[PDB]
Amino acid sequence: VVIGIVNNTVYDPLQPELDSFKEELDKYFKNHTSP
Amino acid sequence: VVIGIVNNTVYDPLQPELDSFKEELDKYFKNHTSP
Amino acid sequence: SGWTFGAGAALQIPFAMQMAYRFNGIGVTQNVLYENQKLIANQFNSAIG
Ligand SMILES: *[C@@H]1O[C@H](CO)[C@@H](O[C@@H]2O[C@H](CO)[C@@H](O[C@H]3O[C@H](CO)[C@@H](O)[C@H](O)[C@@H]3O)[C@H](O)[C@H]2NC(C)=O)[C@H](O)[C@H]1NC(C)=O
Ligand SMILES: *[C@@H]1O[C@H](CO)[C@@H](O[C@@H]2O[C@H](CO)[C@@H](O[C@H]3O[C@H](CO)[C@@H](O)[C@H](O)[C@@H]3O)[C@H](O)[C@H]2NC(C)=O)[C@H](O)[C@H]1NC(C)=O
Ligand SMILES: *[C@@H]1O[C@H](CO)[C@@H](O)[C@H](O)[C@H]1NC(C)=O
Ligand SMILES: *[C@@H]1O[C@H](CO)[C@@H](O)[C@H](O)[C@H]1NC(C)=O
């Protein structure tokens, strides 16, 4: 709809604050393979 | 306290962005029943 | 350059972005310009006529 709009990324600060919590979650599984 | 206030839902965009991360978390447990 | 030549040296801006700054000035969010720009221009062009 918008005349002259341009393509660029928009960053989300909630996303690496979710994703480093995926890496925390995932290390709980990868270690809890062992006990 | 407020005269004429009405009851309605207020949506939280942080909630399904947490809850679809519960469904990701939960599938890690449901599969990691098996190895 | 919109209001900028009044307050200092004239600073260029695209005219549709000047009109967006105006719309925010009257308390209408700038997307209401860009979603309607051809109509807003046709209304202005008709009004000048
Ligand atoms: C801004 O980003 C847009 C999203 O990436 C991009 O849209 C893409 O544009 C090309 C060219 O118009 C499309 O390519 C297809 O073109 C025709 C169908 O119209 C097909 O026959 C071709 O084989 C090819 O698949 C993309 O499909 C289209 N992507 C989307 C999601 O619609 C814009 O072109 C970008 N514009 C600028 C100025 O950066
Ligand atoms: C707006 O939503 C409110 C929350 O759901 C709602 O409050 C509820 O109102 C009823 C009626 O006043 C209460 O029902 C209780 O009434 C008496 C105690 O006052 C008891 O004897 C009854 O058995 C019954 O349990 C609810 O307890 C009350 N809920 C809360 C959390 O306080 C408003 O009525 C709604 N108002 C409008 C206009 O939509
Ligand atoms: C692995 O799990 C044990 C508990 O069984 C814990 O003490 C240890 O810190 C964990 N190590 C890693 C690398 O997560
Ligand atoms: C289940 O776990 C294995 C790794 O042991 C993985 O490769 C596979 O993609 C997982 N499948 C599902 C449905 O999560």
# chains A, B, ... in the order shown; residues from 1 in each chain; ligands from 1
call {"tool": "residues_near_ligand", "arguments": {"ligand": "ligand 2", "cutoff": "10 Å", "atoms": "only C-alpha atoms and all ligand atoms", "output": "compact mmCIF listing (two decimals) with N, CA, C and O atoms, in the first residue's frame"}}
result
# COMPACT_ATOMS: atom_id res chain seq x y z
N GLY B 4 -18.22 3.81 35.70
CA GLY B 4 -18.52 3.40 34.32
C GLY B 4 -17.49 2.50 33.63
O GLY B 4 -17.58 2.30 32.42
N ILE B 5 -16.52 1.95 34.35
CA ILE B 5 -15.58 0.93 33.85
C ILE B 5 -16.31 -0.32 33.33
O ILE B 5 -17.33 -0.72 33.90
N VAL B 6 -15.80 -0.98 32.28
CA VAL B 6 -16.42 -2.17 31.67
C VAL B 6 -15.48 -3.37 31.62
O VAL B 6 -14.27 -3.21 31.52
N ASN B 7 -16.02 -4.58 31.72
CA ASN B 7 -15.24 -5.82 31.69
C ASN B 7 -14.93 -6.25 30.27
O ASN B 7 -15.84 -6.51 29.49
N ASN B 8 -13.65 -6.39 29.93
CA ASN B 8 -13.21 -7.02 28.69
C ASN B 8 -11.81 -7.62 28.86
O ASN B 8 -11.05 -7.20 29.73
call {"tool": "residues_around", "arguments": {"residues": "region 13-26 of chain B", "least_positions_apart": "6", "cutoff": "10 Å", "atoms": "only C-alpha atoms", "output": "list in words"}}
result
residues 14, 15, 18, 19, 21, 22, 25, 26 and 29 of chain A; 32 of chain B
call {"tool": "residues_near_ligand", "arguments": {"ligand": "ligand 4", "cutoff": "9 Å", "atoms": "only C-alpha atoms and all ligand atoms", "output": "PyMOL selection string"}}
result
chain B and resi 27-32+34-35
call {"tool": "atom_distance", "arguments": {"atom1": "CA of residue 40 (chain C)", "atom2": "atom 11 (C, counted along the ligand's line) of ligand 1"}}
result
28.7 Å
call {"tool": "select_by_dssp", "arguments": {"residues": "chain A", "states": "alpha helix (DSSP H)", "output": "list in words"}}
result
residues 16, 17, 18, 19, 20, 21, 22, 23, 24, 25, 26, 27, 28, 29, 30 and 31 of chain A
call {"tool": "interface_residues", "arguments": {"of": "chain C", "to": "chain A", "cutoff": "9 Å", "atoms": "only C-alpha atoms", "output": "list in words"}}
result
residues 31, 34, 35, 36 and 37 of chain C
call {"tool": "residues_around", "arguments": {"residues": "residue 17 (chain C)", "least_positions_apart": "4", "cutoff": "9 Å", "atoms": "only C-alpha atoms", "output": "JSON, numbers by chain"}}
result
{"C": [13, 21, 22, 30, 34]}
call {"tool": "atom_distance", "arguments": {"atom1": "CA of residue 24 (chain C)", "atom2": "CA of residue 12 (chain B)"}}
result
26.6 Å
call {"tool": "residues_around", "arguments": {"residues": "residue 41 (chain C)", "least_positions_apart": "6", "cutoff": "10 Å", "atoms": "only C-alpha atoms", "output": "list in words"}}
result
residues 16, 33 and 47 of chain C
